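J.: Dropping a structure here in structure tokens format, bear with me for questions.
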Ligand SMILES: O=C(O[C@@H]1O[C@H](C(=O)O)[C@@H](O)[C@H](O)[C@H]1O)c1c[nH]c2cc(F)c(-c3ccc([C@@H]4CCCCO4)cc3)c(F)c12
Ligand SMILES: Nc1ncnc2c1ncn2[C@@H]1O[C@H](COP(=O)(O)OP(=O)(O)O)[C@@H](O)[C@H]1O
Ligand SMILES: Nc1ncnc2c1ncn2[C@@H]1O[C@H](COP(=O)(O)O)[C@@H](O)[C@H]1O
Ligand SMILES: Nc1ncnc2c1ncn2[C@@H]1O[C@H](COP(=O)(O)O)[C@@H](O)[C@H]1O
Ligand SMILES: [Cl-]
Ligand SMILES: [Cl-]
Ligand SMILES: [Cl-]
């Protein structure tokens, strides 16, 4: 009377992830254990995440890092999708820090190097696991970090920003709580910074029951450094938890940091953008729309500020695509951004833009 | 391998089906969900449930009523349901944003080769940048990646 | 050495991140030369908007040519240089003679690249990707040789270089005159020689852009020495491995093959070195 999938007999539920239930699987013959994520096809289509999952599987099946949970196999059934993964007996890093207190400088550094190694591997693979927290860092028998819920993760694509506000308010970057556009790695760096504080202190840097003050505190980048903290790691944290993404640490800057480097194992590791106008956003969009048509160009209005435009080459008889986007700079100025859409392509893009600019504002 | 799940309470729940000559197969309960996974040959199968003394079907699931008035559930175990990417493919059937600071980080402004340049953040690739129009000649520029290398091309164009 | 080039792709020599200056043929030719200087580039591919293709390349040779073909005097403006488009000039430069665009794919071999250079008698080879049609990089002898020399782990016995009818200038020779030699002889550099046959300096195709740079081209009556004020030998009894090492170590485009008494006997160009190794 055992529920089996693969040759693993499904047992106890380890938890409930982003998109599914996670159950233990112990092999019929060998006793080998796996973590099985159950994704009901009807639910993964109700939330329109079918595409999300397709990509998520694609990435994770080819990934292989010692501090990222291995995705062994994906078993499809008419009903649901079974994601067979590597199981780790130690559970959450979060409960570790609950049960035992904060980790010692040495122990903290080890685990931080391990996590960051994994975080880096993801980024090196144009994957950004947003929602990076002790709750999603699992531990194995031998105390090794294992990055786990890629449900909120996204792809990093050349020339494009992400928008989705994702993780736990505490671990979430200020721009994520601010709901501003972001590149991707900087928000994983911030979350990893929160993880470092959690390891060294055993508490959260930014935390309050009063949600408004929690968000002020996060956006003010102010956290308490207890006297027992080594000034060098305080240096690293001050760098990692920069409210300005442009001023924030990078996996490179961290890798170069003295605190990090220590005992680190071998196995791990006058140009102007677009055109700017001070007019009303709706007047700007109207102007650019009556300019695109004035060039006999095909287009498709996505957002009231995003437009995907096409042009037929009068010579080579080829289709060339680009996307236009209005961003706000000052409280009084806005700028239209031109981005090339990949199927001379580059020169044709310049030409396409140039035409539009001569018939436009600053 | 097909999943047979009964959502709803019960002390004892069984699965009778064409695939097992209508024999009562016990379904294990975790909580509120009674399940059994079993591989069935690709094709049509009819099943019913024996939920605490009552023979029922999952009404949420497709049925079939017999010439004799028998109402059983039906299942079409398709080839497509077995392969993940095939199954996922068959499944898929205001104010302006603030300017990200990233787009203001160029590689042309920031002894050495004038040809050589720093590596860019993926985020600023394919974006159009331009110099102020001096002498009635426009200068446009952009960084594009070709494989594992990058090229910042700048066009000198009259207007 | 030669079989090494046949294996390695052009891509393997394209840098991690480079700058590519492209001129529209409708651009004023004076602005086009000033752009080479301002950008710190020696050549630029030309794009014809009406043709929708890369028609050719603008090099310092083009400047040398314009200057010599149209220099009236120091008291008279070069009207053609001041007010000519790149196409209006390419229409003149090449008329009864037609030299189409030479290019290479990034997936093509380094051997194919070395050949393309000598075969078409050229110094700048643009690497264009076929699917994108985008020019990525411009292949120069210096870079291809620097790559060969990276993987390398007498000049009289092998006989490599030009040793007969060597085109060189006197100390006092005006720039215009020297420009005329660069044109009729079609050679990259003119060794500056003293009263006696010995060499004191070398005026090269490069030293000609300083005129664009300093905006001093309106006086070509100046001696080659006056011209060189703004800012290397090899003897016949020296091994080619050492002579190849010397060129890349000093990053120079050609060495002077001189006798004991510092008197010119020939020249050995990067062109000839890569050619002999093909
Ligand atoms: O639980 C599921 O969905 C949830 O249903 C909730 C609801 O309806 O109440 C909603 O609220 C939730 O949102 C939803 O995620 C499932 C969807 N597909 C499945 C496929 C399965 F195989 C199993 C399953 C596998 C093994 C055992 C065995 C049984 C014996 C003990 C050890 O586990 C029990 C059950 C499942 F549980 C599911
Ligand atoms: N790829 C090319 N295809 C055809 N002609 C070219 C190409 N590149 C340059 N040319 C032409 O070759 C001539 C000489 O150029 P070049 O030898 O490259 O000069 P430099 O020594 O400064 O590199 C010029 O007339 C130039 O327009
Ligand atoms: N001053 C010169 N006089 C004669 N031949 C030369 C001179 N400079 C270069 N050459 C030759 O010109 C050819 C092409 O080389 P280059 O234009 O110098 O890259 C080679 O065969 C060189 O040896
Ligand atoms: N044989 C040489 N000896 C010394 N300097 C040289 C030599 N050949 C070229 N140069 C210098 O290199 C510069 C021009 O570069 P290029 O024409 O590319 O070789 C000038 O400053 C020349 O003086
Ligand atoms: Cl949970
Ligand atoms: Cl057990
Ligand atoms: Cl374990």
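The values are calculated or read from the model by the stated rules, or taken from the named source; no laboratory read-out is quoted. Positions of Cβ are generated from backbone atoms using ideal geometry, with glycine treated the same way; all protein chains shown enter the neighbour counts.
J.: Under 7 Å by Cβ, and 6 or more places apart or on different chains, what pairs join a residue from the stretch C:188-201 that is away from chain B (no Cβ under 14 Å) with one that is in a loop (DSSP other than H, G, I, E, B) and within 14 Å of ligand 3 (Cβ to nearest atom)?
T.: Cβ pairs passing all conditions: C:188/C:205; C:188/C:253; C:189/C:205; C:190/C:167; C:190/C:168; C:191/C:168; C:193/C:168.
J.: Any idea which of (1) within 14 Å of another protein chain (Cβ to nearest Cβ); (2) within 22 Å of the chain's Cα centre (by Cα); (3) closer than 19 Å to residue C:46 by Cα is the one residue C:129 doesn't satisfy?
T.: Against the list (1) within 14 Å of another protein chain (Cβ to nearest Cβ); (2) within 22 Å of the chain's Cα centre (by Cα); (3) closer than 19 Å to residue C:46 by Cα, residue C:129 comes up short only on (2).
J.: If you don't mind, there's one more thing I want to ask. I want to confirm something. Restricting to the stretch C:180-200 and keeping residues that are within 14 Å of ligand 4 (Cβ to nearest atom) and in contact with a helix residue (DSSP H, G or I) (Cβ under 6 Å, 6 or more places away or on another chain), which single residue is farthest from residue C:264 (Cα to Cα)?
T.: Across the stretch C:180-200, the extreme among qualifying residues is C:182.
J.: Ok, one more. Please find, among A:215, A:150, A:223, the residue that is crowded, with 24+ Cβ neighbours inside 10 Å and out of contact with any strand residue (DSSP E or B) (no Cβ under 7 Å at 6 or more places or on another chain).
T.: After ruling out the rest, the residue left standing is A:150.
J.: Checking residue A:251 against (1) more than 30 Å from residue A:332 (Cβ to Cβ); (2) away from chain B (no Cβ under 14 Å), which test does it fail?
T.: Unmet for residue A:251, out of (1) more than 30 Å from residue A:332 (Cβ to Cβ); (2) away from chain B (no Cβ under 14 Å): (2).
J.: Would it be correct to say that residue B:62 is away from ligand 2 (no atom under 16 Å from the Cβ), within 28 Å of residue A:54 (Cβ to Cβ) and in contact with a strand residue (DSSP E or B) (Cβ under 6 Å, 6 or more places away or on another chain)?
T.: yes
J.: Evaluate the stretch B:135-147: report whether one residue or more is within 30 Å of residue A:246 (Cβ to Cβ), within 14 Å of chain C (Cβ to nearest Cβ), touching a helix residue (DSSP H, G or I) at 6+ places or on another chain (Cβ under 9 Å) and exposed (fewer than 14 other Cβ atoms within 10 Å of the Cβ).
T.: Within the stretch B:135-147, one or more residues are within 30 Å of residue A:246 (Cβ to Cβ), within 14 Å of chain C (Cβ to nearest Cβ), touching a helix residue (DSSP H, G or I) at 6+ places or on another chain (Cβ under 9 Å) and exposed (fewer than 14 other Cβ atoms within 10 Å of the Cβ).
J.: Taking residue C:58 as the residue in question, decide whether it is away from ligand 1 (no atom under 16 Å from the Cβ), within 11 Å of chain B (Cβ to nearest Cβ) and closer than 30 Å to residue A:317 by Cβ.
T.: yes
J.: Oh, and also: Give the stretch C:27-41 a look and list any residue that's within 9 Å of chain B (Cβ to nearest Cβ) and buried (at least 19 other Cβ atoms within 10 Å of the Cβ), or say none.
T.: Matches in the stretch C:27-41: C:27, C:28, C:32, C:35.
J.: To continue, here is another question. Identify all residues within the stretch C:236-278 that are surrounded by 13 or more Cβ atoms within 10 Å (Cβ to Cβ), in contact with a helix residue (DSSP H, G or I) (Cβ under 8 Å, 6 or more places away or on another chain) and more than 21 Å from residue C:118 (Cα to Cα); write none if there are none.
T.: C:236, C:238, C:245, C:257
J.: Continuing with this model, one more query. Any residue that is away from ligand 1 (no atom under 14 Å from the Cβ), crowded, with 18+ Cβ neighbours inside 10 Å and outside any strand (DSSP E or B) - is there at least one of those in the stretch B:43-52?
T.: Scanning the stretch B:43-52 turns up no residue that is away from ligand 1 (no atom under 14 Å from the Cβ), crowded, with 18+ Cβ neighbours inside 10 Å and outside any strand (DSSP E or B).
J.: Can you tell me which of B:99, B:25 is more than 16 Å from ligand 6 (Cβ to nearest atom), surrounded by 12 or more Cβ atoms within 10 Å (Cβ to Cβ) and within 30 Å of residue B:153 (Cβ to Cβ)?
T.: When all the criteria are applied, what remains is B:99.
J.: Checking the condition away from ligand 1 (no atom under 13 Å from the Cβ), surrounded by 15 or more Cβ atoms within 10 Å (Cβ to Cβ), within 13 Å of chain B (Cβ to nearest Cβ) and within 29 Å of residue A:194 (Cα to Cα), which residue from A:60, A:103 passes?
T.: Selected residue: A:60, the only one of A:60, A:103 that is away from ligand 1 (no atom under 13 Å from the Cβ), surrounded by 15 or more Cβ atoms within 10 Å (Cβ to Cβ), within 13 Å of chain B (Cβ to nearest Cβ) and within 29 Å of residue A:194 (Cα to Cα).
J.: Going residue by residue through the stretch A:83-93, is there one that turns out to be away from ligand 7 (no atom under 16 Å from the Cβ) and out of contact with any strand residue (DSSP E or B) (no Cβ under 7 Å at 6 or more places or on another chain)?
T.: Checked against the condition, which is being away from ligand 7 (no atom under 16 Å from the Cβ) and out of contact with any strand residue (DSSP E or B) (no Cβ under 7 Å at 6 or more places or on another chain), the stretch A:83-93 yields no hits at all.
J.: Can you tell me which residues in the stretch C:136-156 are within 14 Å of chain A (Cβ to nearest Cβ) and under 21 Å from residue C:61 (Cα atoms)?
T.: C:137 - this is the single residue of the stretch C:136-156 that is within 14 Å of chain A (Cβ to nearest Cβ) and under 21 Å from residue C:61 (Cα atoms).
J.: Same structure again: On the given criteria, is residue B:98 within 29 Å of residue C:35 (Cβ to Cβ) and more than 8 Å from chain C (Cβ to nearest Cβ)?
T.: In short, no.
Yes or no, residue by residue, for (1) within 19 Å of the chain's Cα centre (by Cα); (2) buried (at least 16 other Cβ atoms within 10 Å of the Cβ); (3) within 16 Å of ligand 6 (Cβ to nearest atom); (4) assigned by CATH to the domain that holds residue A:164:
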| residue | (1), (2), (3), (4) |
| --- | --- |
| A:11 | no, no, yes, no |
| A:43 | no, no, no, no |
| A:48 | yes, no, no, no |
| A:56 | yes, yes, no, no |
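J.: What's the total number of residues in the stretch A:1-18 that are under 20 Å from residue A:91 (Cβ atoms) and either in contact with a strand residue (DSSP E or B) (Cβ under 8 Å, 6 or more places away or on another chain) or at the interface with chain B (Cβ under 7 Å from one of its Cβ atoms) (or both)?
T.: 9
J.: I want to confirm something. Restricting to the stretch A:13-31 and keeping residues that are within 16 Å of ligand 7 (Cβ to nearest atom) and loosely packed, with under 15 Cβ neighbours inside 10 Å, which single residue is nearest to residue A:156 (Cα to Cα)?
T.: My answer is A:27.
J.: Further question on the same structure: Is it the case that the stretch A:67-76 has a residue that's within 14 Å of chain B (Cβ to nearest Cβ), closer than 27 Å to residue B:1 by Cβ and within 16 Å of ligand 7 (Cβ to nearest atom)?
T.: Yes - at least one qualifying residue is present in the stretch A:67-76.
J.: Continuing with this model, one more query. Among what's in the stretch C:143-162 and is under 16 Å from residue C:268 (Cα atoms) and crowded, with 17+ Cβ neighbours inside 10 Å, pick the residue that is nearest to ligand 3 (Cβ to nearest atom).
T.: Looking at the filtered set, the residue picked out is C:161.
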